[PDB]
file run30.pdb (PDB, C-alpha atoms)
ATOM      1  CA  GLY P   1       0.000   0.000   0.000
ATOM      2  CA  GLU P   2       2.996   2.387  -0.485
ATOM      3  CA  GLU P   3       2.595   1.956  -4.272
ATOM      4  CA  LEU P   4      -0.501   4.238  -3.955
ATOM      5  CA  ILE P   5       1.912   7.151  -3.226
ATOM      6  CA  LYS P   6       3.539   7.933  -6.602
ATOM      7  CA  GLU P   7       6.723   9.916  -7.498
ATOM      8  CA  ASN P   8       4.361  12.892  -8.040
ATOM      9  CA  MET P   9       1.221  13.585  -6.010
ATOM     10  CA  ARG P  10      -1.288  16.462  -6.028
ATOM     11  CA  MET P  11      -3.227  17.617  -2.934
ATOM     12  CA  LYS P  12      -6.319  19.683  -2.006
ATOM     13  CA  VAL P  13      -6.833  21.396   1.414
ATOM     14  CA  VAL P  14      -9.960  23.045   2.934
ATOM     15  CA  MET P  15      -9.252  24.909   6.194
ATOM     16  CA  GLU P  16     -11.863  26.432   8.500
ATOM     17  CA  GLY P  17     -11.356  28.059  11.854
ATOM     18  CA  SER P  18     -11.087  31.085  14.093
ATOM     19  CA  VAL P  19      -8.152  32.941  15.617
ATOM     20  CA  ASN P  20      -9.143  35.269  18.498
ATOM     21  CA  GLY P  21     -12.719  34.670  17.277
ATOM     22  CA  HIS P  22     -12.031  35.957  13.737
ATOM     23  CA  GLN P  23     -13.482  33.360  11.332
ATOM     24  CA  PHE P  24     -12.012  32.329   7.980
ATOM     25  CA  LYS P  25     -12.001  29.619   5.330
ATOM     26  CA  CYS P  26      -8.947  28.747   3.176
ATOM     27  CA  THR P  27      -8.495  26.400   0.217
ATOM     28  CA  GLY P  28      -5.238  25.105  -1.203
ATOM     29  CA  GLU P  29      -3.922  23.072  -4.087
ATOM     30  CA  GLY P  30      -0.349  21.834  -4.421
ATOM     31  CA  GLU P  31       1.947  19.016  -5.477
ATOM     32  CA  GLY P  32       5.154  17.389  -4.296
ATOM     33  CA  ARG P  33       7.532  14.451  -4.753
ATOM     34  CA  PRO P  34       6.838  12.533  -1.520
ATOM     35  CA  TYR P  35      10.053  10.414  -1.749
ATOM     36  CA  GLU P  36      12.197  13.575  -2.134
ATOM     37  CA  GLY P  37      10.410  15.253   0.843
ATOM     38  CA  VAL P  38       9.540  18.399  -1.160
ATOM     39  CA  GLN P  39       6.111  19.948  -1.704
ATOM     40  CA  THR P  40       4.534  23.306  -2.594
ATOM     41  CA  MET P  41       1.013  24.577  -1.984
ATOM     42  CA  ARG P  42      -0.980  27.551  -3.337
ATOM     43  CA  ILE P  43      -3.388  28.772  -0.630
ATOM     44  CA  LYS P  44      -6.335  31.189  -1.072
ATOM     45  CA  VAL P  45      -8.127  32.864   1.853
ATOM     46  CA  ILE P  46     -11.703  32.685   0.465
ATOM     47  CA  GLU P  47     -13.709  33.790   3.573
ATOM     48  CA  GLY P  48     -12.742  36.172   6.414
ATOM     49  CA  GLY P  49      -9.911  37.906   4.504
ATOM     50  CA  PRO P  50      -7.782  39.871   4.778
ATOM     51  CA  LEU P  51      -6.899  38.087   8.098
ATOM     52  CA  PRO P  52      -6.262  40.351  11.160
ATOM     53  CA  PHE P  53      -3.325  38.110  12.275
ATOM     54  CA  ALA P  54      -0.031  36.717  10.844
ATOM     55  CA  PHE P  55      -0.798  33.943   8.282
ATOM     56  CA  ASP P  56       2.375  32.277   9.730
ATOM     57  CA  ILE P  57       0.337  30.685  12.556
ATOM     58  CA  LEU P  58      -1.725  28.720   9.954
ATOM     59  CA  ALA P  59       1.313  27.841   7.768
ATOM     60  CA  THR P  60       2.133  24.602   9.698
ATOM     61  CA  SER P  61      -1.499  23.283   9.515
ATOM     62  CA  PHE P  62      -1.680  23.070   5.662
ATOM     63  CA  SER P  66       1.259  17.381   5.043
ATOM     64  CA  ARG P  67       2.949  14.261   6.350
ATOM     65  CA  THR P  68       2.838  12.036   3.210
ATOM     66  CA  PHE P  69       5.666  14.231   1.750
ATOM     67  CA  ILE P  70       8.431  13.306   4.225
ATOM     68  CA  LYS P  71      11.643  11.757   2.817
ATOM     69  CA  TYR P  72      12.269   8.569   4.863
ATOM     70  CA  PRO P  73      15.330   6.328   4.253
ATOM     71  CA  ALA P  74      14.857   2.523   3.740
ATOM     72  CA  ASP P  75      16.196   2.170   7.349
ATOM     73  CA  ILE P  76      13.150   3.973   8.976
ATOM     74  CA  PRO P  77       9.493   2.895   8.278
ATOM     75  CA  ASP P  78       7.102   5.566   6.847
ATOM     76  CA  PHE P  79       4.011   5.541   9.159
ATOM     77  CA  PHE P  80       2.232   8.040   6.887
ATOM     78  CA  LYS P  81       2.660   6.380   3.437
ATOM     79  CA  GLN P  82       1.809   2.914   4.887
ATOM     80  CA  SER P  83      -1.584   4.315   6.109
ATOM     81  CA  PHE P  84      -3.100   4.518   2.578
ATOM     82  CA  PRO P  85      -5.594   4.014   1.111
ATOM     83  CA  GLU P  86      -7.563   4.951   4.281
ATOM     84  CA  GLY P  87      -5.052   7.648   5.390
ATOM     85  CA  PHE P  88      -4.516   9.192   8.832
ATOM     86  CA  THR P  89      -5.581  12.001  11.189
ATOM     87  CA  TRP P  90      -3.532  14.363  13.328
ATOM     88  CA  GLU P  91      -4.472  16.506  16.367
ATOM     89  CA  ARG P  92      -2.170  19.345  17.466
ATOM     90  CA  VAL P  93      -2.020  21.872  20.312
ATOM     91  CA  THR P  94       0.472  24.748  19.936
ATOM     92  CA  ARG P  95       1.367  27.029  22.863
ATOM     93  CA  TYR P  96       3.075  30.412  22.413
ATOM     94  CA  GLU P  97       5.244  31.865  25.251
ATOM     95  CA  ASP P  98       3.193  35.148  25.256
ATOM     96  CA  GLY P  99      -0.145  33.305  25.767
ATOM     97  CA  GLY P 100      -1.497  32.240  22.361
ATOM     98  CA  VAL P 101      -2.920  28.704  21.989
ATOM     99  CA  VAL P 102      -3.833  27.010  18.661
ATOM    100  CA  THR P 103      -5.574  23.608  18.484
ATOM    101  CA  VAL P 104      -5.852  21.825  15.099
ATOM    102  CA  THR P 105      -7.439  18.609  13.785
ATOM    103  CA  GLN P 106      -6.526  17.276  10.291
ATOM    104  CA  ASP P 107      -8.209  14.471   8.295
ATOM    105  CA  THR P 108      -5.990  13.069   5.504
ATOM    106  CA  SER P 109      -7.735  10.968   2.837
ATOM    107  CA  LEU P 110      -6.869   9.691  -0.653
ATOM    108  CA  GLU P 111      -9.659  10.013  -3.258
ATOM    109  CA  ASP P 112      -8.765   9.035  -6.874
ATOM    110  CA  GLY P 113      -4.983   9.492  -6.405
ATOM    111  CA  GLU P 114      -5.265  13.048  -4.996
ATOM    112  CA  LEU P 115      -4.540  13.683  -1.308
ATOM    113  CA  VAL P 116      -7.510  15.411   0.410
ATOM    114  CA  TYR P 117      -6.982  17.417   3.676
ATOM    115  CA  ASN P 118      -9.701  18.806   5.968
ATOM    116  CA  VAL P 119      -8.282  21.101   8.680
ATOM    117  CA  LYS P 120     -10.156  22.754  11.566
ATOM    118  CA  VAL P 121      -8.334  25.490  13.540
ATOM    119  CA  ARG P 122      -9.095  27.404  16.738
ATOM    120  CA  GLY P 123      -6.667  30.032  18.043
ATOM    121  CA  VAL P 124      -7.417  31.826  21.352
ATOM    122  CA  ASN P 125      -5.698  34.188  23.865
ATOM    123  CA  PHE P 126      -3.173  35.856  21.520
ATOM    124  CA  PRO P 127      -2.136  39.187  23.134
ATOM    125  CA  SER P 128      -3.607  42.022  21.030
ATOM    126  CA  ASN P 129      -0.405  44.147  20.924
ATOM    127  CA  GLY P 130       1.875  41.068  20.485
ATOM    128  CA  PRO P 131       3.569  40.322  17.099
ATOM    129  CA  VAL P 132       0.971  37.724  15.826
ATOM    130  CA  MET P 133      -2.159  39.975  16.123
ATOM    131  CA  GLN P 134       0.024  42.920  14.891
ATOM    132  CA  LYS P 135       1.087  40.844  11.792
ATOM    133  CA  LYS P 136       4.802  41.433  12.622
ATOM    134  CA  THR P 137       6.170  37.914  11.887
ATOM    135  CA  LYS P 138       8.730  36.917   9.199
ATOM    136  CA  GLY P 139       8.065  33.116   9.095
ATOM    137  CA  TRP P 140       9.473  30.078  10.937
ATOM    138  CA  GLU P 141      13.078  29.063  11.751
ATOM    139  CA  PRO P 142      13.897  25.512  10.519
ATOM    140  CA  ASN P 143      12.815  23.046  13.214
ATOM    141  CA  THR P 144      13.214  19.364  14.128
ATOM    142  CA  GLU P 145      10.205  17.301  15.280
ATOM    143  CA  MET P 146      10.832  14.258  17.518
ATOM    144  CA  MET P 147       8.551  11.280  16.770
ATOM    145  CA  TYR P 148       7.724   8.631  19.442
ATOM    146  CA  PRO P 149       5.719   5.430  18.811
ATOM    147  CA  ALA P 150       2.489   5.360  20.860
ATOM    148  CA  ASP P 151      -0.400   2.829  20.730
ATOM    149  CA  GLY P 152      -0.294   2.087  16.942
ATOM    150  CA  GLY P 153       0.263   5.828  16.329
ATOM    151  CA  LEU P 154       2.968   8.517  16.624
ATOM    152  CA  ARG P 155       3.450  11.502  18.902
ATOM    153  CA  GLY P 156       5.496  14.432  17.586
ATOM    154  CA  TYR P 157       7.151  17.090  19.752
ATOM    155  CA  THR P 158       8.501  20.412  18.430
ATOM    156  CA  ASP P 159      10.020  23.650  19.655
ATOM    157  CA  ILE P 160       9.631  26.219  16.845
ATOM    158  CA  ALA P 161      10.825  29.850  16.722
ATOM    159  CA  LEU P 162       8.726  32.417  14.794
ATOM    160  CA  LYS P 163      10.866  35.268  13.372
ATOM    161  CA  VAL P 164       9.623  38.690  14.599
ATOM    162  CA  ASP P 165       9.802  41.981  12.601
ATOM    163  CA  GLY P 166      12.817  43.992  13.908
ATOM    164  CA  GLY P 167      14.718  40.870  15.035
ATOM    165  CA  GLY P 168      13.721  38.522  17.872
ATOM    166  CA  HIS P 169      12.054  35.092  18.023
ATOM    167  CA  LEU P 170       8.595  34.228  19.388
ATOM    168  CA  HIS P 171       8.878  30.789  20.981
ATOM    169  CA  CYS P 172       6.223  28.167  20.470
ATOM    170  CA  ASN P 173       5.949  24.438  21.357
ATOM    171  CA  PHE P 174       3.546  21.919  19.943
ATOM    172  CA  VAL P 175       2.610  18.272  20.490
ATOM    173  CA  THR P 176       1.007  16.307  17.641
ATOM    174  CA  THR P 177      -0.774  12.917  17.794
ATOM    175  CA  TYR P 178      -0.767  11.047  14.431
ATOM    176  CA  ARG P 179      -3.287   8.161  14.145
ATOM    177  CA  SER P 180      -3.843   5.788  11.208
ATOM    178  CA  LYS P 181      -7.363   5.320   9.793
ATOM    179  CA  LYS P 182      -6.105   1.828   8.681
ATOM    180  CA  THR P 183      -7.977  -0.902  10.635
ATOM    181  CA  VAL P 184      -7.981  -3.818   8.105
ATOM    182  CA  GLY P 185      -4.220  -4.087   7.373
ATOM    183  CA  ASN P 186      -0.849  -3.876   9.146
ATOM    184  CA  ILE P 187       1.576  -0.985   9.728
ATOM    185  CA  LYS P 188       5.295  -1.647  10.354
ATOM    186  CA  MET P 189       6.041   0.874  13.164
ATOM    187  CA  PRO P 190       9.186   3.059  13.311
ATOM    188  CA  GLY P 191      11.160   3.554  16.546
ATOM    189  CA  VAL P 192      12.032   7.027  17.865
ATOM    190  CA  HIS P 193      13.338   9.311  15.072
ATOM    191  CA  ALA P 194      13.441  13.006  14.050
ATOM    192  CA  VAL P 195      12.099  15.037  11.091
ATOM    193  CA  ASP P 196      13.891  18.226   9.945
ATOM    194  CA  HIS P 197      11.364  20.752   8.549
ATOM    195  CA  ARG P 198      12.092  23.815   6.413
ATOM    196  CA  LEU P 199       8.897  25.767   5.613
ATOM    197  CA  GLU P 200       9.678  28.870   3.504
ATOM    198  CA  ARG P 201       7.232  31.385   1.936
ATOM    199  CA  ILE P 202       8.020  31.851  -1.789
ATOM    200  CA  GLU P 203       5.015  34.120  -2.620
ATOM    201  CA  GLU P 204       2.554  36.509  -0.903
ATOM    202  CA  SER P 205      -0.190  38.720  -2.430
ATOM    203  CA  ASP P 206      -2.976  41.177  -1.393
ATOM    204  CA  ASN P 207      -2.859  41.265   2.446
ATOM    205  CA  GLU P 208      -1.759  37.544   2.547
ATOM    206  CA  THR P 209      -5.065  36.453   0.865
ATOM    207  CA  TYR P 210      -2.849  34.428  -1.543
ATOM    208  CA  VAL P 211       0.163  32.487  -0.209
ATOM    209  CA  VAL P 212       2.554  30.002  -1.822
ATOM    210  CA  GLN P 213       4.793  28.099   0.598
ATOM    211  CA  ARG P 214       7.367  25.341   0.057
ATOM    212  CA  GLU P 215       8.248  22.710   2.699
ATOM    213  CA  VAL P 216      11.195  20.271   2.655
ATOM    214  CA  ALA P 217      10.870  17.567   5.361
ATOM    215  CA  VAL P 218      13.413  14.755   5.903
ATOM    216  CA  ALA P 219      13.212  11.909   8.454
ATOM    217  CA  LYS P 220      16.524  10.961  10.135
ATOM    218  CA  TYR P 221      17.913   8.673  12.854
ATOM    219  CA  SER P 222      18.270   9.763  16.514
TER     220      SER P 222
END
call {"tool": "encode", "arguments": {"input": "run30.pdb", "output": "structure tokens"}}
result
Amino acid sequence: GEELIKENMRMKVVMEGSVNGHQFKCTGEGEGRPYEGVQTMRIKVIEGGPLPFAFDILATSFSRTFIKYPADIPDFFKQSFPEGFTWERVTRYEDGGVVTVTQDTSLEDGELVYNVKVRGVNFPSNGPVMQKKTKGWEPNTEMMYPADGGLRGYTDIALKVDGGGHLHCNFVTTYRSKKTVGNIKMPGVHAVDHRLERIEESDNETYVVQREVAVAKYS
């Protein structure tokens, strides 16, 4: 069931949520080479735009099938098809902000389909996120631990702040397979290096293109 994930894959994302009670809907289309760990997505804000807050806090919610794994480490994500997987995340910012996210990943006719639900709360009004004074994420490494037929990920990420400085943020992610009929070979502890870099922005961040390169490695 890893021969369902081809050299080239396209994806669709629909994202709904609120940050500090401001409601929005986003859609995205992209492609990547999941064995090379590289992917790009074109994201439109279609409702609630232009967003009051830094789009950066949504950037990480928009794709685990496109992680480069060596032969030596089993790919939890690619093995989950055709049924796919879910993830749940809570992110905590040092200055008070909290974001909780649920993602449903499905495969429908050889396109990856993502449904993402966001809620952000308690961001300080005069802090850099609500003031849209962020310059994207520093490269980060996520630690992955086996847990009950799923994975838990742990990250410390640093958000670049306008005028220098980093806004520190931790999140925990639980990845669960939708695969019931069929086996998954489970990896041990390992890390994923993530580089998420914005390559395009337009009209108050109502159109965003971002590129992620993600590589699994030994610990």
call {"tool": "residues_around", "arguments": {"input": "run30.pdb", "residues": "range 192-196 of chain P", "least_positions_apart": "6", "cutoff": "6 Å", "atoms": "all atoms listed in the file", "output": "ChimeraX atom specification"}}
result
/P:143-148,217-222
call {"tool": "residues_around", "arguments": {"input": "run30.pdb", "residues": "residue 24 in chain P", "least_positions_apart": "5", "cutoff": "7 Å", "atoms": "only C-alpha atoms", "output": "list in words"}}
result
residues 16, 17, 18, 47, 48 and 49 of chain P
call {"tool": "resolve_selection", "arguments": {"input": "run30.pdb", "expression": "the PyMOL selection byres ((chain P and resi 105-120) around 7)", "output": "short mmCIF file (atom, residue, chain, number, x, y, z; two decimals) with C-alpha atoms, in the frame of the given file"}}
result
data_model
loop_
_atom_site.label_atom_id
_atom_site.label_comp_id
_atom_site.auth_asym_id
_atom_site.auth_seq_id
_atom_site.Cartn_x
_atom_site.Cartn_y
_atom_site.Cartn_z
CA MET P 9 1.22 13.58 -6.01
CA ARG P 10 -1.29 16.46 -6.03
CA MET P 11 -3.23 17.62 -2.93
CA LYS P 12 -6.32 19.68 -2.01
CA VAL P 13 -6.83 21.40 1.41
CA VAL P 14 -9.96 23.04 2.93
CA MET P 15 -9.25 24.91 6.19
CA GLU P 16 -11.86 26.43 8.50
CA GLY P 17 -11.36 28.06 11.85
CA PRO P 85 -5.59 4.01 1.11
CA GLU P 86 -7.56 4.95 4.28
CA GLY P 87 -5.05 7.65 5.39
CA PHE P 88 -4.52 9.19 8.83
CA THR P 89 -5.58 12.00 11.19
CA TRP P 90 -3.53 14.36 13.33
CA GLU P 91 -4.47 16.51 16.37
CA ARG P 92 -2.17 19.34 17.47
CA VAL P 104 -5.85 21.82 15.10
CA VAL P 121 -8.33 25.49 13.54
#
call {"tool": "atom_distance", "arguments": {"input": "run30.pdb", "atom1": "CA of residue 103 in chain P", "atom2": "CA of residue 156 in chain P"}}
result
14.4 Å
call {"tool": "atom_distance", "arguments": {"input": "run30.pdb", "atom1": "CA of residue 70 in chain P", "atom2": "CA of residue 34 in chain P"}}
result
6.0 Å
